[PDB]
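Here the protein sequences line up with chains T, P, Q and O, keeping their order. The first sequence maps to residues 79 to 149 in the authors' numbering. The second sequence maps to residues 7 to 149 in the authors' numbering. The third sequence maps to residues 7 to 149 in the authors' numbering. The fourth sequence maps to residues 7 to 149 in the authors' numbering. For every residue, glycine included, the Cβ atom is placed at its ideal position computed from N, Cα and C. Step one of this worksheet: look at the structure below.
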Amino acid sequence: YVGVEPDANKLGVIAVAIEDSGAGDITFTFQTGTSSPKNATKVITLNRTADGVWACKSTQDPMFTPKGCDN
Amino acid sequence: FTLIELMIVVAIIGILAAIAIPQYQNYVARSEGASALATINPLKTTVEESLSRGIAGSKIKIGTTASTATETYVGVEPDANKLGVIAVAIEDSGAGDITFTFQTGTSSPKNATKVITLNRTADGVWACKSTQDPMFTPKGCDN
Amino acid sequence: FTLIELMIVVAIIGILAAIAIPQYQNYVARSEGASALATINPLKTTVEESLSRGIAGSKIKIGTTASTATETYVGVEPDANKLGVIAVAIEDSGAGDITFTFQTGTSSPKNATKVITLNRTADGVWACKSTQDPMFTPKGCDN
Amino acid sequence: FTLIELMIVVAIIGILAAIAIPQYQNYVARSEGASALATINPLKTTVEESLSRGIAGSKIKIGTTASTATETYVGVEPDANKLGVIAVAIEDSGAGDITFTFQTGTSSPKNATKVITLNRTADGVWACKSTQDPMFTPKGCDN
């Protein structure tokens, strides 16, 4: 267990879904009512392939997307 | 506290993130293969020596039980290496193989359920065969 | 300075907080276990070699004192690793164990007062036993 | 989050970097040379024994084919060691050499395309010659 609650960050919940093959993603979905309207219902995904390659994908606006995460 | 102070902090937080994380499961898989090969390699000496002294191939087992004049034990448990179990199956003719099968739950997903086989023919020729990926296969073992 | 400026700063301060901090003591405990095992693992070679050359088991001690033809010292202090002390107690028959006991005040609370034992039987069979938690126990050591 | 917190993190990141990495290819080259020499060293026993029993030098080959009363095989594949291939070329007069040529794609760049030769004269004198660098040349082999 990662040691934190899904709602530890009030901005949104965190979901960890890793398959048995090693492929999976870690998502942070901003929730309406606790996040700014621009970032509401946006997802930041840390996708991991079965080969162990980590990539960051974000559905936010390109201006608001943090560095190192593709949009 | 000023907004420029906090915006600089946010910018440095973003810069300190985005650090690219290279692949690392290949290193773990290669180390697991090397560890398995180094675990089952000395068992070749035990089998060959026992066959040289006349001990029957069916009497060469794996375990910590004290080896007698007629029975030989390799001196290690089958699960001594947590990566997988070790099986020794030598026939009376001298033909046999030593296998290291990685077990799910204690080995990396790439190497899970893979077998490294040290096949011995009846003529005394030793060969190493591995079912892992060619990149993860240790040197000296055919794939 | 405007109140909207300061309220935006307060909001960004709150947002920059609330960053979830995952568990980290497990990593420290696992690293401590690995370090202890790597510290006491080479001592197996010293004991086995000294027993092979005929040096009495009671003469195999731990310390930096120059080993003579009859006495053997592992070459490291008992407190060489600050995590805990190392004790070598080999009987004359060849049976003995090498223990690494973590000491309170220099080791993590999870691993404190835990012992990693490399037990050797009179028949020359080496086994690793650890009293730590099963999650923190290094591979190859039974719990 | 404060700017002093982040600047301390940046400073510790910089300090944790800058760790000098010493040379390591020399170790790999030396280990490769030692492994090659240990691979081709036992083949001296096979050639000498076969010549002593009267087997023709041209009949001493390398492979896992079952050796007959007239033909002798060393029992290993030419590519048994992934570092390079092994070639046995003994003349009928007894003169010959055993070569280990490192192959590009499986050996370190320093040792690539280098040959370790165990030359045998017609008088039965064994000598080791290596084309590697003098630092990487294993002991007992002239450069």
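Q: Quick one: measure Cβ to Cβ for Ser114 of chain Q and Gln31 of chain Q, integer angstroms, because I've assumed they're closer than 8 Å.
A: Here residue 114 of chain Q corresponds to residue number 108 of the third sequence, with the count starting at 1. Here residue 31 of chain Q corresponds to residue number 25 of the third sequence, with the count starting at 1. Going by Cβ atoms, the distance from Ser114 of chain Q to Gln31 of chain Q rounds to 6 Å, so yes, they are a contact pair.
Q | Selected residue, minimal CA-CA separation from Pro28 of chain P, among T:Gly130, T:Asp85 and T:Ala93 | A | Taking the first residue of the second sequence as 1, we reach residue 28 of chain P at position 22. The option with the nearest alpha carbon to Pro28 of chain P is T:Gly130.
**Q.** CB contact flag (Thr52 of chain P, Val91 of chain P, <8 Å)
**A.** One-based indexing of the second sequence puts residue 52 of chain P at position 46. One-based indexing of the second sequence puts residue 91 of chain P at position 85. No. Outside cutoff.
**Q.** Status (buried if at least 16 other CB within 10 Å, exposed otherwise) for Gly39 of chain Q
**A.** Position 33 of the third sequence, counted from the first residue, corresponds to residue 39 of chain Q. Label assigned to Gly39 of chain Q: buried.
**Q.** Proximity below 8 Å, CB of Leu49 of chain O to CB of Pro144 of chain O
**A.** The residue given as residue 49 of chain O occupies position 43 in the fourth sequence. The residue given as residue 144 of chain O occupies position 138 in the fourth sequence. Against a cut-off of 8 Å, the Cβ pair of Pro144 of chain O and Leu49 of chain O comes out as no contact.
Q: Note down the Cα distance separating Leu12 of chain Q from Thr8 of chain P, rounded to an integer number of angstroms.
A: The sequence position of residue 12 of chain Q within the third sequence is 6, counting from 1. The sequence position of residue 8 of chain P within the second sequence is 2, counting from 1. Going by the C-alpha atoms only, they are around 8 Å apart.
Q. If you count every other CB in all the chains shown that lies within 10 Å of the CB of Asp139 of chain T, and 16 or more means buried, which is it?
A. For this step, residue 139 of chain T is matched to residue 61 along the first sequence. Its Cβ having fewer than 16 others within 10 Å, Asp139 of chain T is exposed.
Q.
Let me make sure I understand the geometry here. Which of O:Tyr33, O:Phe108 and O:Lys120 has the alpha-carbon closest to that of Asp85 of chain O?
A. Residue numbering aside, residue 85 of chain O sits at position 79 when the fourth sequence is read from its first letter. Looking at the Cα atoms, O:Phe108 is the closest of the given residues.
(Q) DSSP has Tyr79 of chain Q in a bridge; who is on the other side? (A) Stepping through the third sequence from its first residue, residue 79 of chain Q is reached at position 73. BP columns for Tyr79 of chain Q point to Q:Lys67.
Q: Determine the closest residue to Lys65 of chain P out of P:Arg59, P:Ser37, P:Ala72 and P:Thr76, with distance taken between C-alpha atoms.
A: Here residue 65 of chain P corresponds to residue number 59 of the second sequence, with the count starting at 1. It is P:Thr76 whose Cα lies nearest to the Cα of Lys65 of chain P.
Q.
I want to verify the contact list: residues of chain T whose CB lies under 9 Å from the CB of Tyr79 of chain P, in sequence order.
A. On the second sequence, residue 79 of chain P is found 73 positions in, with the first residue counted as 1. None at all; the shortest Cβ gap to chain T is about 36 Å.
Q: Just confirm the distance between the C-beta atoms of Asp98 of chain P and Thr123 of chain P, as a whole number of angstroms; I'd bet it's less than 8 Å.
A: The residue labelled residue 98 of chain P in the question sits at position 92 within the second sequence. The residue labelled residue 123 of chain P in the question sits at position 117 within the second sequence. That pair is no contact at about 20 Å.
Q. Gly146 of chain P touches chain O at which residues, Cβ-Cβ below 7 Å?
A. Taking the first residue of the second sequence as position 1, residue 146 of chain P is located at position 140. Within 7 Å Cβ-Cβ: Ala86, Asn87 and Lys88.
Q) What is the residue span of the alpha helix (DSSP H) that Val34 of chain O lies within? A) Along the fourth sequence, read from residue 1 onward, the residue named residue 34 of chain O stands at position 28. Here the alpha helix (DSSP H) through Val34 of chain O covers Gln31 to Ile46.
Q | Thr78 of chain O versus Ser56 of chain O: straight-line alpha-carbon distance, rounded | A | Position 72 of the fourth sequence, counting from 1, holds the residue named residue 78 of chain O. Position 50 of the fourth sequence, counting from 1, holds the residue named residue 56 of chain O. Cα-Cα distance, rounded: 7 Å.
Q) What is the rounded straight-line gap between the Cα of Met141 of chain Q and the Cα of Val15 of chain Q? A) Reading the third sequence from its first residue, position 135 is the one you call residue 141 of chain Q. Reading the third sequence from its first residue, position 9 is the one you call residue 15 of chain Q. Rounded to the nearest angstrom, the two C-alpha atoms are 43 Å apart.
Q) How is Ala26 of chain P classed by DSSP in three states: helix, strand or coil? A) The residue you call residue 26 of chain P lines up with position 20 of the second sequence. Here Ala26 of chain P sits in coil by DSSP.
Q: Please state whether DSSP places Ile104 of chain P in a helix, a strand or coil.
A: By one-based count along the second sequence, residue 104 of chain P stands at place 98. Correct three-state label for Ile104 of chain P: strand.
Q | Collapsed DSSP secondary structure at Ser73 of chain P in the structure displayed | A | For this step, residue 73 of chain P is matched to residue 67 along the second sequence. Residue state, collapsed to three classes: coil.
Q. If you draw a straight line from the C-alpha of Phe106 of chain Q to the C-alpha of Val121 of chain Q, how long is it?
A. The residue you call residue 106 of chain Q lines up with position 100 of the third sequence. The residue you call residue 121 of chain Q lines up with position 115 of the third sequence. If you take the alpha carbons of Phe106 of chain Q and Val121 of chain Q, they lie about 5 Å apart.
**Q.** Contact residues within the region 12–29 of chain O, judged by C-beta distance below 9 Å to chain P
**A.** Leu12, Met13, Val15, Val16 and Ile19
Q: Let me know the secondary structure DSSP gives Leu57 of chain P once reduced to three states.
A: Locating residue 57 of chain P in the second sequence gives position 51, counting from the first residue. In this structure, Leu57 of chain P counts as helix in the three-state DSSP scheme.
**Q.** is_contact[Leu49 of chain P, chain Q] using C-beta, thresh 8 Å
**A.** Start at 1 with the first residue of the second sequence, and residue 49 of chain P comes out as number 43. No, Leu49 of chain P does not count as interfacial toward chain Q.
Q: Could you list which residues in chain Q have their beta carbon closer than 9 Å to that of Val82 of chain T, in chain order?
A: Here residue 82 of chain T refers to the residue found at position 4 when the first sequence is read from its first residue. Those are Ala26, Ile27, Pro28 and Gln29, listed as they occur along chain Q.
Q: Over the uninterrupted beta strand (DSSP E) stretch that includes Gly90 of chain O, give me the two end residues.
A: As a first step, residue 90 of chain O is located in the fourth sequence; it is residue number 84 there, counting from the start. First-last of the beta strand (DSSP E) with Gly90 of chain O: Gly90 to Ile96.
Q) For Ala133 of chain T, which three-state DSSP category applies? A) Residue mapping note: residue 133 of chain T aligns to position 55 of the first sequence, counting from 1. Reduced to three states, the DSSP call for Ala133 of chain T is strand.
Q) Can you tell me the Cα-Cα spacing of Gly63 of chain O and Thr119 of chain O, whole angstroms? A) Along the fourth sequence, read from residue 1 onward, the residue named residue 63 of chain O stands at position 57. Along the fourth sequence, read from residue 1 onward, the residue named residue 119 of chain O stands at position 113. Put simply, the backbone Cα of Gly63 of chain O is about 26 Å away from that of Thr119 of chain O.
Q: Alpha carbon to alpha carbon, how far is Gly146 of chain P from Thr45 of chain O? Give it in angstroms, no decimals.
A: Along the fourth sequence, one-based indexing puts residue 45 of chain O at 39. Along the second sequence, one-based indexing puts residue 146 of chain P at 140. One C-alpha to the other measures close to 11 Å.
Q. Just how far apart, CA to CA, sit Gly100 of chain P and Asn125 of chain P?
A. Taking the first residue of the second sequence as position 1, residue 100 of chain P is located at position 94. Taking the first residue of the second sequence as position 1, residue 125 of chain P is located at position 119. Rounded to the nearest whole angstrom, the C-alpha separation of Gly100 of chain P and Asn125 of chain P is 11 Å.
Q) How many angstroms separate the CA atom of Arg36 of chain Q from the CA atom of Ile25 of chain O? A) The residue given as residue 36 of chain Q occupies position 30 in the third sequence. The residue given as residue 25 of chain O occupies position 19 in the fourth sequence. Their backbone Cα atoms lie some 24 Å apart in a straight line.
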